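Source file: entry_4.pdb (PDB, C-alpha atoms)
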```pdb
ATOM      1  CA  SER O   1      21.550 217.063 126.496
ATOM      2  CA  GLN O   2      17.713 216.900 126.297
ATOM      3  CA  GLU O   3      15.552 217.027 129.489
ATOM      4  CA  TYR O   4      12.475 214.732 129.631
ATOM      5  CA  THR O   5       9.683 214.516 132.155
ATOM      6  CA  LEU O   6       9.050 211.025 133.252
ATOM      7  CA  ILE O   7       5.510 210.290 134.384
ATOM      8  CA  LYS O   8       4.676 207.488 136.770
ATOM      9  CA  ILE O   9       2.276 205.228 134.920
ATOM     10  CA  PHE O  10       0.823 202.849 137.468
ATOM     11  CA  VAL O  11      -0.525 199.405 136.543
ATOM     12  CA  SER O  12      -4.197 198.972 137.636
ATOM     13  CA  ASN O  13      -4.373 195.188 137.531
ATOM     14  CA  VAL O  14      -1.276 194.150 139.422
ATOM     15  CA  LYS O  15      -2.489 190.518 139.745
ATOM     16  CA  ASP O  16      -2.421 190.307 135.882
ATOM     17  CA  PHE O  17       0.996 191.937 135.895
ATOM     18  CA  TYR O  18       2.028 189.162 138.299
ATOM     19  CA  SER O  19       0.925 186.404 135.904
ATOM     20  CA  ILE O  20       2.811 188.061 133.057
ATOM     21  CA  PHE O  21       5.882 188.337 135.281
ATOM     22  CA  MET O  22       5.736 184.591 136.272
ATOM     23  CA  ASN O  23       5.100 183.373 132.699
ATOM     24  CA  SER O  24       8.224 185.326 131.777
ATOM     25  CA  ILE O  25      10.261 183.756 134.579
ATOM     26  CA  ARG O  26       9.118 180.277 133.469
ATOM     27  CA  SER O  27       9.744 181.006 129.747
ATOM     28  CA  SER O  28      13.272 182.278 130.452
ATOM     29  CA  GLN O  29      14.087 179.267 132.688
ATOM     30  CA  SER O  30      12.827 177.120 129.801
ATOM     31  CA  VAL O  31      14.850 178.839 127.009
ATOM     32  CA  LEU O  32      18.088 178.814 129.192
ATOM     33  CA  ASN O  33      17.605 175.231 130.402
ATOM     34  CA  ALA O  34      20.690 173.864 128.508
ATOM     35  CA  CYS O  35      22.730 176.399 130.572
ATOM     36  CA  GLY O  36      21.586 184.522 130.923
ATOM     37  CA  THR O  37      20.327 188.103 130.767
ATOM     38  CA  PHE O  38      16.580 187.787 131.656
ATOM     39  CA  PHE O  39      16.844 188.303 135.404
ATOM     40  CA  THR O  40      19.715 188.786 137.869
ATOM     41  CA  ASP O  41      20.530 185.322 139.284
ATOM     42  CA  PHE O  42      19.932 184.464 142.903
ATOM     43  CA  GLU O  43      22.934 183.077 144.902
ATOM     44  CA  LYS O  44      22.712 180.037 147.264
ATOM     45  CA  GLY O  45      21.666 181.874 150.459
ATOM     46  CA  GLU O  46      19.445 184.378 148.534
ATOM     47  CA  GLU O  47      16.383 182.079 148.435
ATOM     48  CA  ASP O  48      14.493 184.160 151.028
ATOM     49  CA  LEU O  49      14.878 186.970 148.456
ATOM     50  CA  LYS O  50      13.595 184.890 145.555
ATOM     51  CA  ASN O  51      10.573 183.724 147.567
ATOM     52  CA  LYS O  52       9.865 187.349 148.504
ATOM     53  CA  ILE O  53       9.924 188.569 144.882
ATOM     54  CA  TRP O  54       8.263 185.652 143.084
ATOM     55  CA  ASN O  55       5.190 186.034 145.190
ATOM     56  CA  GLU O  56       1.826 187.671 144.576
ATOM     57  CA  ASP O  57       2.316 189.820 147.720
ATOM     58  CA  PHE O  58       5.394 191.428 146.175
ATOM     59  CA  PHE O  59       3.223 192.966 143.401
ATOM     60  CA  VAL O  60       0.005 193.435 145.358
ATOM     61  CA  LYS O  61       1.169 194.550 148.807
ATOM     62  CA  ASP O  62       4.872 195.328 148.954
ATOM     63  CA  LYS O  63       5.656 197.378 145.813
ATOM     64  CA  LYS O  64       3.956 199.694 143.319
ATOM     65  CA  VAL O  65       4.333 198.666 139.616
ATOM     66  CA  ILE O  66       5.146 201.705 137.492
ATOM     67  CA  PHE O  67       5.963 202.122 133.801
ATOM     68  CA  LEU O  68       8.152 205.223 133.414
ATOM     69  CA  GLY O  69       6.580 207.289 130.575
ATOM     70  CA  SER O  70       8.732 209.893 128.850
ATOM     71  CA  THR O  71       7.303 213.187 127.548
ATOM     72  CA  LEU O  72       8.453 216.593 126.393
ATOM     73  CA  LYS O  73       4.924 218.031 126.828
ATOM     74  CA  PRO O  74       4.121 217.265 130.507
ATOM     75  CA  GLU O  75       1.438 219.982 130.438
ATOM     76  CA  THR O  76      -0.718 217.564 128.235
ATOM     77  CA  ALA O  77      -0.747 214.702 130.805
ATOM     78  CA  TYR O  78      -4.334 215.337 131.853
ATOM     79  CA  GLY O  79      -5.421 214.302 128.334
ATOM     80  CA  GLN O  80      -3.551 210.964 128.273
ATOM     81  CA  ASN O  81      -5.838 208.268 126.908
ATOM     82  CA  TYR O  82      -3.392 205.341 126.276
ATOM     83  CA  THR O  83       0.217 204.308 127.054
ATOM     84  CA  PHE O  84       2.464 203.412 124.060
ATOM     85  CA  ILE O  85       5.160 200.742 124.141
ATOM     86  CA  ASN O  86       7.346 199.119 121.444
ATOM     87  CA  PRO O  87       5.873 195.655 121.123
ATOM     88  CA  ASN O  88       9.024 194.189 119.462
ATOM     89  CA  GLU O  89      11.554 195.253 122.082
ATOM     90  CA  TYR O  90      12.528 194.155 125.536
ATOM     91  CA  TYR O  91      11.725 196.146 128.619
ATOM     92  CA  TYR O  92      13.465 195.749 131.954
ATOM     93  CA  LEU O  93      11.948 195.530 135.409
ATOM     94  CA  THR O  94      13.901 196.917 138.266
ATOM     95  CA  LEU O  95      13.445 198.351 141.787
ATOM     96  CA  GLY O  96      13.691 202.087 142.421
ATOM     97  CA  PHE O  97      12.917 205.004 144.685
ATOM     98  CA  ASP O  98       9.907 207.225 144.743
ATOM     99  CA  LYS O  99      12.061 210.323 145.102
ATOM    100  CA  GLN O 100      15.318 211.049 143.208
ATOM    101  CA  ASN O 101      18.658 212.874 144.024
ATOM    102  CA  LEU O 102      17.460 216.322 142.845
ATOM    103  CA  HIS O 103      14.808 216.306 145.602
ATOM    104  CA  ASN O 104      23.146 204.492 146.124
ATOM    105  CA  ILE O 105      25.202 201.359 145.755
ATOM    106  CA  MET O 106      23.286 198.741 147.754
ATOM    107  CA  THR O 107      23.112 194.992 148.446
ATOM    108  CA  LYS O 108      20.274 192.975 146.979
ATOM    109  CA  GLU O 109      18.564 192.627 150.312
ATOM    110  CA  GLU O 110      18.779 196.386 150.883
ATOM    111  CA  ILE O 111      17.230 197.150 147.522
ATOM    112  CA  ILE O 112      14.323 194.836 148.272
ATOM    113  CA  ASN O 113      13.765 196.421 151.717
ATOM    114  CA  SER O 114      14.339 200.031 150.606
ATOM    115  CA  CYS O 115      12.888 200.497 147.082
ATOM    116  CA  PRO O 116       9.149 200.942 147.028
ATOM    117  CA  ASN O 117       8.547 200.769 143.265
ATOM    118  CA  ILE O 118       9.041 198.284 140.469
ATOM    119  CA  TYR O 119       9.961 200.305 137.349
ATOM    120  CA  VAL O 120       9.483 199.148 133.781
ATOM    121  CA  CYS O 121      11.877 200.846 131.376
ATOM    122  CA  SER O 122      14.177 200.357 128.390
ATOM    123  CA  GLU O 123      17.786 199.175 128.710
ATOM    124  CA  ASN O 124      18.826 202.577 127.364
ATOM    125  CA  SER O 125      17.487 204.430 130.425
ATOM    126  CA  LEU O 126      18.909 202.238 133.224
ATOM    127  CA  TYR O 127      22.334 203.855 133.777
ATOM    128  CA  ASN O 128      20.937 207.322 133.349
ATOM    129  CA  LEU O 129      18.253 206.422 135.915
ATOM    130  CA  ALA O 130      20.946 205.151 138.382
ATOM    131  CA  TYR O 131      23.052 208.233 137.782
ATOM    132  CA  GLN O 132      20.081 210.483 138.616
ATOM    133  CA  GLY O 133      19.164 208.555 141.810
ATOM    134  CA  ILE O 134      15.897 206.994 140.592
ATOM    135  CA  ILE O 135      17.293 203.427 140.768
ATOM    136  CA  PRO O 136      20.251 202.011 142.806
ATOM    137  CA  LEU O 137      23.210 199.942 141.618
ATOM    138  CA  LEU O 138      23.993 196.437 143.051
ATOM    139  CA  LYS O 139      27.090 196.300 145.304
ATOM    140  CA  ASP O 140      25.406 195.842 138.352
ATOM    141  CA  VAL O 141      21.759 196.937 138.087
ATOM    142  CA  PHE O 142      19.361 194.524 139.760
ATOM    143  CA  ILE O 143      17.074 193.162 137.060
ATOM    144  CA  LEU O 144      13.882 191.401 138.155
ATOM    145  CA  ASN O 145      12.846 190.487 134.666
ATOM    146  CA  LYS O 146      13.199 191.328 130.986
ATOM    147  CA  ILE O 147       9.963 191.171 129.006
ATOM    148  CA  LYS O 148       9.073 191.833 125.324
ATOM    149  CA  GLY O 149       6.666 194.828 124.972
ATOM    150  CA  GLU O 150       4.009 192.733 123.208
ATOM    151  CA  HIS O 151       3.177 190.947 126.459
ATOM    152  CA  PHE O 152       2.115 194.180 128.213
ATOM    153  CA  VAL O 153      -0.189 195.242 125.387
ATOM    154  CA  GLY O 154      -3.716 195.426 126.761
ATOM    155  CA  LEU O 155      -2.738 196.133 130.382
ATOM    156  CA  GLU O 156      -4.729 198.927 131.995
ATOM    157  CA  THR O 157      -2.653 201.746 133.494
ATOM    158  CA  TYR O 158      -3.308 205.190 135.021
ATOM    159  CA  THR O 159      -1.505 208.261 136.277
ATOM    160  CA  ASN O 160      -2.295 210.655 139.086
ATOM    161  CA  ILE O 161      -2.682 213.401 136.490
ATOM    162  CA  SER O 162      -4.910 211.779 133.865
ATOM    163  CA  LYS O 163      -8.625 212.665 133.576
ATOM    164  CA  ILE O 164      -9.418 208.952 132.875
ATOM    165  CA  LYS O 165      -7.840 206.027 134.679
ATOM    166  CA  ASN O 166      -8.161 203.243 132.100
ATOM    167  CA  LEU O 167      -5.123 203.922 129.949
ATOM    168  CA  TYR O 168      -4.515 200.699 128.094
ATOM    169  CA  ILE O 169      -1.089 199.761 126.736
ATOM    170  CA  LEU O 170      -0.979 199.892 122.967
ATOM    171  CA  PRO O 171       1.763 199.041 120.536
ATOM    172  CA  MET O 172       3.861 201.748 118.739
ATOM    173  CA  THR O 173       6.656 200.305 116.592
ATOM    174  CA  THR O 174       8.205 203.730 115.876
ATOM    175  CA  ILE O 175       9.354 204.287 119.488
ATOM    176  CA  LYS O 176      13.147 204.381 119.329
ATOM    177  CA  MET O 177      14.894 202.303 121.920
ATOM    178  CA  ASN O 178      17.869 204.697 122.233
ATOM    179  CA  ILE O 179      15.664 207.569 123.397
ATOM    180  CA  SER O 180      14.600 207.913 127.030
ATOM    181  CA  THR O 181      12.613 205.060 128.595
ATOM    182  CA  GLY O 182      10.901 203.791 125.377
ATOM    183  CA  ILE O 183       7.468 204.264 126.979
ATOM    184  CA  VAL O 184       5.358 207.187 125.810
ATOM    185  CA  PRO O 185       2.093 208.634 127.174
ATOM    186  CA  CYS O 186      -0.451 208.786 124.367
ATOM    187  CA  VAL O 187      -2.242 212.165 124.199
ATOM    188  CA  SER O 188      -4.016 211.831 120.849
ATOM    189  CA  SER O 189      -5.808 215.226 121.107
ATOM    190  CA  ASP O 190      -2.568 217.240 121.284
ATOM    191  CA  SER O 191       0.076 215.120 119.419
ATOM    192  CA  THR O 192      -0.077 214.225 115.748
ATOM    193  CA  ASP O 193       2.036 211.092 115.993
ATOM    194  CA  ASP O 194      -0.067 209.843 118.899
ATOM    195  CA  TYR O 195      -3.200 210.570 116.891
ATOM    196  CA  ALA O 196      -1.694 208.758 113.893
ATOM    197  CA  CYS O 197      -0.847 205.644 115.870
ATOM    198  CA  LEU O 198      -4.274 205.448 117.594
ATOM    199  CA  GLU O 199      -5.991 206.114 114.254
ATOM    200  CA  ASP O 200      -3.982 203.269 112.576
ATOM    201  CA  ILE O 201      -4.973 200.942 115.462
ATOM    202  CA  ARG O 202      -8.656 202.017 115.180
ATOM    203  CA  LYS O 203      -8.747 201.641 111.358
ATOM    204  CA  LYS O 204      -7.112 198.156 111.534
ATOM    205  CA  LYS O 205      -8.765 196.979 114.691
ATOM    206  CA  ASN O 206      -9.312 193.383 113.487
ATOM    207  CA  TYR O 207      -5.631 192.924 112.801
ATOM    208  CA  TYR O 208      -4.610 194.496 116.179
ATOM    209  CA  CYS O 209      -7.286 192.670 118.290
ATOM    210  CA  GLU O 210      -6.352 189.439 116.522
ATOM    211  CA  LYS O 211      -2.590 189.918 117.018
ATOM    212  CA  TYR O 212      -2.521 191.294 120.578
ATOM    213  CA  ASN O 213      -4.568 190.994 123.781
ATOM    214  CA  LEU O 214      -6.821 193.856 122.675
ATOM    215  CA  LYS O 215     -10.585 193.976 122.256
ATOM    216  CA  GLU O 216     -12.069 196.773 120.234
ATOM    217  CA  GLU O 217     -13.972 198.292 123.162
ATOM    218  CA  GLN O 218     -10.591 199.222 124.733
ATOM    219  CA  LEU O 219     -10.038 201.427 121.641
ATOM    220  CA  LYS O 220     -12.662 204.090 122.463
ATOM    221  CA  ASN O 221     -10.911 206.370 124.992
ATOM    222  CA  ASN O 222     -11.283 210.135 124.380
ATOM    223  CA  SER O 223      -8.219 212.361 124.948
ATOM    224  CA  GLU O 224      -9.249 215.696 126.522
ATOM    225  CA  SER O 225      -7.494 218.441 124.546
ATOM    226  CA  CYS O 226      -5.178 220.452 126.802
ATOM    227  CA  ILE O 227      -3.959 223.025 124.228
ATOM    228  CA  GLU O 228      -5.666 225.411 121.844
ATOM    229  CA  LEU O 229      -3.774 227.314 119.126
ATOM    230  CA  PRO O 230      -5.390 230.568 118.132
ATOM    231  CA  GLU O 231      -6.790 230.294 114.522
ATOM    232  CA  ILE O 232      -6.941 226.475 114.755
ATOM    233  CA  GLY O 233      -8.759 225.699 118.098
ATOM    234  CA  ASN O 234      -7.983 222.535 120.118
ATOM    235  CA  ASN O 235      -7.433 218.895 119.011
ATOM    236  CA  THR O 236      -4.437 220.167 117.125
ATOM    237  CA  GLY O 237      -3.043 216.668 116.750
ATOM    238  CA  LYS O 238      -6.011 215.763 114.537
ATOM    239  CA  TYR O 239      -5.868 219.116 112.761
ATOM    240  CA  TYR O 240      -2.301 218.536 111.576
ATOM    241  CA  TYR O 241      -2.871 214.847 110.803
ATOM    242  CA  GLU O 242      -5.597 215.887 108.335
ATOM    243  CA  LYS O 243      -4.006 219.114 107.040
ATOM    244  CA  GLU O 244      -0.878 217.200 106.063
ATOM    245  CA  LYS O 245      -2.678 214.034 104.873
ATOM    246  CA  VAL O 246      -0.440 211.846 107.004
ATOM    247  CA  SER O 247      -0.308 208.374 105.479
ATOM    248  CA  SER O 248       0.263 206.198 108.571
ATOM    249  CA  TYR O 249       1.945 206.529 111.980
ATOM    250  CA  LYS O 250       5.153 205.464 110.249
ATOM    251  CA  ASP O 251       5.013 208.301 107.687
ATOM    252  CA  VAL O 252       8.489 209.823 107.458
ATOM    253  CA  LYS O 253       6.971 213.343 107.314
ATOM    254  CA  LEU O 254       5.654 212.932 110.909
ATOM    255  CA  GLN O 255       9.133 213.734 112.293
ATOM    256  CA  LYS O 256       8.964 217.269 110.885
ATOM    257  CA  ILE O 257       5.243 217.648 111.663
ATOM    258  CA  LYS O 258       5.946 216.546 115.251
ATOM    259  CA  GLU O 259       8.689 219.160 115.656
ATOM    260  CA  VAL O 260       6.713 221.979 113.956
ATOM    261  CA  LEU O 261       3.689 221.312 116.192
ATOM    262  CA  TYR O 262       5.823 221.041 119.321
ATOM    263  CA  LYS O 263       7.255 224.517 118.736
ATOM    264  CA  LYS O 264       4.017 226.186 117.728
ATOM    265  CA  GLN O 265       2.195 224.846 120.809
ATOM    266  CA  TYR O 266       5.020 225.981 123.000
ATOM    267  CA  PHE O 267       5.118 229.540 121.646
ATOM    268  CA  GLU O 268       1.461 230.102 120.719
ATOM    269  CA  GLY O 269      -0.712 227.658 122.665
ATOM    270  CA  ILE O 270      -3.190 228.503 125.382
ATOM    271  CA  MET O 271      -4.035 225.906 128.033
ATOM    272  CA  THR O 272      -7.631 224.664 128.219
ATOM    273  CA  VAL O 273      -7.526 222.403 131.280
ATOM    274  CA  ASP O 274      -7.317 222.804 135.016
ATOM    275  CA  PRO O 275      -5.343 224.049 136.817
ATOM    276  CA  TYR O 276      -3.955 226.065 133.907
ATOM    277  CA  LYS O 277      -7.071 227.339 132.022
ATOM    278  CA  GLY O 278      -6.230 230.439 129.967
ATOM    279  CA  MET O 279      -2.524 230.350 130.766
ATOM    280  CA  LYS O 280       0.049 230.267 127.990
ATOM    281  CA  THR O 281       1.522 226.838 127.163
ATOM    282  CA  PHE O 282       4.930 228.509 127.239
ATOM    283  CA  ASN O 283       4.569 229.190 130.989
ATOM    284  CA  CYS O 284       2.584 226.009 131.825
ATOM    285  CA  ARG O 285       5.381 223.807 130.329
ATOM    286  CA  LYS O 286       7.491 225.008 133.293
ATOM    287  CA  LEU O 287       4.734 224.872 135.946
ATOM    288  CA  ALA O 288       3.692 221.330 134.824
ATOM    289  CA  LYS O 289       7.212 219.958 135.224
ATOM    290  CA  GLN O 290       7.518 221.631 138.579
ATOM    291  CA  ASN O 291       4.139 220.308 139.828
ATOM    292  CA  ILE O 292       4.684 216.775 138.633
ATOM    293  CA  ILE O 293       8.060 216.643 140.324
ATOM    294  CA  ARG O 294       6.820 218.254 143.536
ATOM    295  CA  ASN O 295       3.757 215.929 143.748
ATOM    296  CA  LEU O 296       6.019 212.872 143.304
ATOM    297  CA  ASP O 297       4.162 211.994 140.105
ATOM    298  CA  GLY O 298       7.372 212.022 138.025
ATOM    299  CA  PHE O 299      11.005 212.807 137.530
ATOM    300  CA  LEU O 300      13.260 214.959 135.451
ATOM    301  CA  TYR O 301      15.470 212.806 133.243
ATOM    302  CA  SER O 302      18.485 213.648 130.963
ATOM    303  CA  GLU O 303      20.606 211.448 128.745
TER     304      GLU O 303
END
```
Any chance you could give the structure as structure tokens?
Amino acid sequence: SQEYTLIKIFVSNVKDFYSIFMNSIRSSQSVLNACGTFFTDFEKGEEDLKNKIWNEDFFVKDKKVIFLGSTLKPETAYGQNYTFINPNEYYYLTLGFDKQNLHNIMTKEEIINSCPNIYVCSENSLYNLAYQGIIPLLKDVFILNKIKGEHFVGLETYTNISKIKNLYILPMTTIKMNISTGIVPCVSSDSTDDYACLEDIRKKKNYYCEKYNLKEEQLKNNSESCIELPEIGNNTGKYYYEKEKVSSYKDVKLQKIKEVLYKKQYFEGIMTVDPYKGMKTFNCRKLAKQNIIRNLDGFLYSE
């Protein structure tokens, strides 16, 4: 049983998120016309509810729109430059609470009146999220929509922890859909696979800007390095990418490199960012989790 820190990754342009949401509703009504898993169906007297949700105000006024990002290095969140999603896989939209159990079977109307946040997450996470009190169950999970990751690529996001607030969604095809929420904060300074993926997108920017709603000027975000290893310095993600001559972000040796770096940072790293300057990564790992959870910027998640 592995514990993850989920980070609230807020969408900046909620009006764009609304267009994406409504194109998805219309596409799914089109594909299922001959007739069902895209959104939970609305019953005869539930039309007040449908009009409340399928409404610009729902996304702009009523609810916050939050991708739940999963990380095992929450102490690096300040350096997040991008948000990674699997462009080939479906993500679910559902309503949830700002505060979980650690700090819920409900009717549809109650969920709408009681849940302040729209979460985007993988199918894998949903029951674990219910179990932990982050989302409720319908009196079985209330799905607003189901959208392929490709359609979110290019959206600008931010966190309350990140130094920069223009964290665009980028595609990462190596995210496994049976792990956590299938959304990963990109911290390219401190993670070699993150560095590898951003580097592959930078190197092949014509292909990516042609295939997705990306323009190459979205590809220039610096990640502030949060961790220095003595003997190496900071930007350890780059250091290992080069030292090991990583071939691509899909290089099978990244799995080992990822795990070797994770452990070395944990046991030997020194923090280089506020509010942890000079503290050992080993201690800040704990403090970062605690702070994020206390500040309502995230959750602790197990599966």
Test item: the PyMOL selection byres ((chain O and resi 139) around 7) resolved as a count of residues only: 5
Result set of the PyMOL selection byres ((chain O and resi 40-56) around 8) on the coordinates above, as JSON, numbers by chain: {"O": [15, 18, 22, 37, 38, 39, 57, 58, 59, 60, 109, 112, 142, 143, 144, 145]}
Check which residues of range 75-113 of chain O sit at most 6 Å from range 164-172 of chain O using all atoms listed in the file, and return one row each with the closest pair of atoms and their distance in Å to one decimal, ordered by chain and rising number, as a Markdown table.
```
| residue | atom | partner | partner_atom | distance |
| --- | --- | --- | --- | --- |
| O:81 | CA | O:167 | CA | 5.4 |
| O:82 | CA | O:167 | CA | 4.3 |
| O:83 | CA | O:169 | CA | 4.7 |
| O:84 | CA | O:170 | CA | 5.0 |
| O:85 | CA | O:171 | CA | 5.2 |
| O:86 | CA | O:172 | CA | 5.1 |
| O:87 | CA | O:171 | CA | 5.4 |
```
Polymer residues at most 10 Å from range 295-302 of chain O, only C-alpha atoms, same-chain spacing of 5 or more positions, as a ChimeraX atom specification: /O:1-9,68-71,74,98-100,102-103,125,128-129,131-132,134,159-161,180-181,289-290
Contacts of residue 151 in chain O within 12 Å, all atoms listed in the file, excl. fewer than 4 positions in-chain, as a PyMOL selection string: chain O and resi 16-17+19-24+85-91+146-147+155+169-171+211-214
Explicit residue set for the PyMOL selection byres ((chain O and resi 226-236) around 10), as number ranges by chain: O: 75-80, 187-192, 195, 223-225, 237-242, 261, 264-274, 276-281
Distance in Å - CA of residue 135 in chain O versus CA of residue 294 in chain O: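 CA of residue 294 in chain O lies 18.4 Å from CA of residue 135 in chain O.
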Surrounding residues of residue 251 in chain O excluding itself and chain neighbours under 4 positions, 12 Å, all atoms listed in the file, as JSON, numbers by chain: {"O": [174, 192, 193, 196, 197, 200, 241, 244, 245, 246, 247, 255, 256, 257, 258]}
Can I get a file of range 20-38 of chain O from the given structure, C-alpha atoms kept, as a PDB file, in the first residue's frame?
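New file decode_9.pdb:
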```
ATOM      1  CA  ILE O  20     -14.303  21.425 -23.909  1.00  0.00           C
ATOM      2  CA  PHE O  21     -16.882  20.019 -21.496  1.00  0.00           C
ATOM      3  CA  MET O  22     -19.845  20.953 -23.817  1.00  0.00           C
ATOM      4  CA  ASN O  23     -18.140  19.658 -26.991  1.00  0.00           C
ATOM      5  CA  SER O  24     -17.722  16.393 -25.098  1.00  0.00           C
ATOM      6  CA  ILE O  25     -21.381  16.303 -24.065  1.00  0.00           C
ATOM      7  CA  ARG O  26     -22.426  16.926 -27.694  1.00  0.00           C
ATOM      8  CA  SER O  27     -19.944  14.346 -29.094  1.00  0.00           C
ATOM      9  CA  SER O  28     -21.149  11.666 -26.660  1.00  0.00           C
ATOM     10  CA  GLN O  29     -24.838  12.406 -27.416  1.00  0.00           C
ATOM     11  CA  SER O  30     -23.876  12.074 -31.090  1.00  0.00           C
ATOM     12  CA  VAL O  31     -21.958   8.747 -30.782  1.00  0.00           C
ATOM     13  CA  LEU O  32     -24.780   7.201 -28.570  1.00  0.00           C
ATOM     14  CA  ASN O  33     -27.621   8.522 -30.743  1.00  0.00           C
ATOM     15  CA  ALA O  34     -28.727   5.015 -31.945  1.00  0.00           C
ATOM     16  CA  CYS O  35     -29.285   4.222 -28.216  1.00  0.00           C
ATOM     17  CA  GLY O  36     -23.742   4.766 -22.182  1.00  0.00           C
ATOM     18  CA  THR O  37     -20.768   5.475 -19.928  1.00  0.00           C
ATOM     19  CA  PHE O  38     -19.830   9.124 -20.783  1.00  0.00           C
TER      20      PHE O  38
END
```
